[PDB]
Structure formats: C-alpha cells, structure tokens
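Just the one chain here, laid out as structure tokens, in the form deposited in one PDB entry.
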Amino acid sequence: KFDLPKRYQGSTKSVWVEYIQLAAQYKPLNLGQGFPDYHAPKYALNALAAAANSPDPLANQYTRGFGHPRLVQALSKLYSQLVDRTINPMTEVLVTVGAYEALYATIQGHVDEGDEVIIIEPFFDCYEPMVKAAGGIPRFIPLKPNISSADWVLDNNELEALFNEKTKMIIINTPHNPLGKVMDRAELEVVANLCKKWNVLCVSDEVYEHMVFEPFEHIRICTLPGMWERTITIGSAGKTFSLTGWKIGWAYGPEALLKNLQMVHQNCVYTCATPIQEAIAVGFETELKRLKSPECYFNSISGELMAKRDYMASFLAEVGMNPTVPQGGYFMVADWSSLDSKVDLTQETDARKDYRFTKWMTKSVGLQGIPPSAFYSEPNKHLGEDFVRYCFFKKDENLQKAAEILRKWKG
C-alpha cells in the first residue's frame, strides 16, 4: 500500500551518494566535489556570523515567504543592470532553497501531465526526475563534440524536429554543467527562435553566470527579442559566492510566469532561512558598490579559476586524456578512452564504463572523478562512457597532488 506514488516510480538515489561513500572508503585526492576545498570570500562568512549575532531578535525569525526584503531588493538592483530592465523586487524575483528549488518550483509550476520538456544532455542531474515527477515527458537531445567546450554542439535539424505544439518548456544551462560550454549568441538565437515559433517557456539555469573565462561572455537569453515574456532565469548564491552549503537561489522573470512558482513554493517550503538571506544581501550590496572593479568577486572568480583550469587541462593531456577546455565554470570533462588498454576494469561491476573507470581510478590510483554517463538518458548513455568529469576549484597543492599521482601512474 505504501509504495512510491506513480509519478515517482523507479526513483533511485543520486549518483552523489555512492561517490561520497567511495571517497570516504578510499580517501582519494578528490576532484569529484563541485565546491571549493578552501574558503569563500571572508566578507560573506563574516556577514553570516553578524546575522547570527544580530541584536535584532527578528534576524533569526521568519522572513517574507517570496524572499527576504533586503535580498530581493539587492537581486533586483543587480539583475536590472544586467538585463537592462527594471525588475520588480516583489513580483519578478522569487528566492528559493538553492537554484535546486527554483528549478523545482518552475517545473512543478509549469509542467502538467503530458507536457513535453526538452532537456539537453549531459543534463544537470535533477532535470529528468523533476520533469517526470510533474507528469511531463522529457525529450532529450545531446551536445556532441565536433578541444574547447565551444566544440560540443547540438544538431540543429535534430533540435528543430524535437519542437512541436506539445513542447511546453526547454531547459537550457549556460554556462553548462559539466562541459563549461557558454552558449554564443547564435546558439541562443536558435533556442529563442524555436521558443517563439512554438510558444515554449525557456528556463535558463545560469548559476555559473559569473564564471566565464576570457575571451567568452555570458549572454542572458531573457534579453533576446521577445524572450522576456517567456523566460524564467535561475541563479544561485552558493555558486555566486562559493558557499554551496548555504542553499539559497532565485528565479527572476515576468510576474505572470513567477505566479506559478509562487504557488508551488508557498506550499512546499513557504520561506527560506533568514540569516543566510541577510548575509547574501550584504554580499550583494558589497559587490554592487564595486561592480566594475577587478576585485569584485563576480569579476575576480574567473581569473582565479582560469589558472587552475589551465593546469588541469595540461596534466590531463599529459597522462593521455583529451580534455574539453571549458569556456566557463569549474568543471572539466576529459576523454579517457585512449587509457583503456592501460587500466583493468574487469572487477568493476557497473553497467557503464565511466563508472567502472572512475571507481577503478579512486581505488587504484587514489584520484576521484565523476561518471558523465549519469547525466544522460538511457539510450544516449554511450555518449558519456568515454569521459570523466573533474572539478578544478581546488587548492593549488591538491591540483599539484593530482598531477603527481598521474605522473607516477604513467611512469
């Protein structure tokens, strides 16, 4: 009687669980955690401590359900500048439990039974189960390499063909997790034109918006002609400020679209943590004062990461993988398949080769990455099997340890 309801049938644990257990068992040099292994900007940490210690007793009591006022004010001040439109802080911004819950409120609020939703593989892992749980029908299309993340592209004919009147939503993720692909203007117009043609909602997951490397540029699809009225754009304080344990994010867009998200949110979590939102608001006000200065965190994070990106691409090419150099973000996918005659995966029991390889590497060599086949639909999982995802948001000494491990191993 108490089995999962239909909309959840065949739910399983995320890939993260077994990889966290694997890391605890073997204690590898861990390049699988998508978060830094050093500390976030001190102004932000100090702001959380100040909110805990606040002399205002209301600092740690309930705040406004759709978002703490100081925070939605700051979010509107920033994004209004970026999108060149004044965004209403009360009706056109919704604060959520991470970008994760902004995706959840968006998909539950706008996907009904039978609605088709286009998802681009490799997908952020929640897109498929959230669409399924809403009674939607996912329609998958993969990015495939033609190297740079710019070389991983969609087949436009395939994409055009997937859209029709039953398409309710497309989810795009730029910069992309985990490729680092930054959609260029032409790629954004491809999506925007199909969305206008078919009257589709575009949900743009832009959590890595501040982490684009020179000479690329983050462009927001909501600014394209006719897109404001049919786009919901999503960001994350965890990704903006490198504080993934804070779990606060947001959706912004027209009030008409945000109403559906508000109905979901108000009877899912109702409201989000007050002192965390206060600290994040302080973080935004700090950056708003120096937005054009190089020490703004929004501007400095890319140069901080680029040296690390380059160092990883170099050591991975040296051991004989072929890395896809990302245009943004802190993940790198590499093709390990030329090492396959140099590794013994015969005692690895998983169905897909990149699980076998990543588990073998943790156990044998003490270096942990993540299997990108986890981010494909079952019929396209073969496209992930030659690859591995690493994170380079790591202390230099740990990147150097990873390099040493691979040097030793090749020797």
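Rigid core here is just the name for the largest C-alpha set that superposes within 1.5 Å across the two forms. Residues carry their position along the shown sequence, with the first being 1.
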item: Gap size, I147 back to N146 (deposited sequence, no coordinates); value: 4 to 9
item: Of 79-87 and 134-142, the one with larger mean CA B-factor; value: 79-87
item: 230-238 versus 310-318 - greater average Cα B-factor per the deposited record; value: 310-318
item: Criterion, highest CA B-factor; candidates, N267, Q277, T106, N177; value: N267
item: Out of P122, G329, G245, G114, highest CA B-factor residue; value: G114
item: Chain third (lowest, middle, highest) by recorded CA B-factor, residue given as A24; value: middle
item: For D354, the third of its chain into which the C-alpha B factor falls; value: lowest
item: Third of the chain, ranked by Cα B-factor, where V388 sits; value: lowest
item: Chain-relative CA temperature factor third for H68; value: lowest
item: Lowest, middle or highest third - CA B-factor, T271; value: lowest
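The form deposited in another entry is left out here; the points below concern that form.
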| query | finding |
| --- | --- |
| Single mover in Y26, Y62, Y43, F35, with Cα shift of 2 Å or more between this form and the one not shown when the core is superposed | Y26 |
| Core fit, then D344 C-alpha moves 2 Å or more between this form and the one not shown | yes |
| In that other deposited form, whether the C-alpha atoms of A102 and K6 sit closer or farther than here (change of 3 Å or more) | closer |
| Cα distance between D396 and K342, which in that other deposited form differs by 3 Å or more from this form, closer or farther | farther |
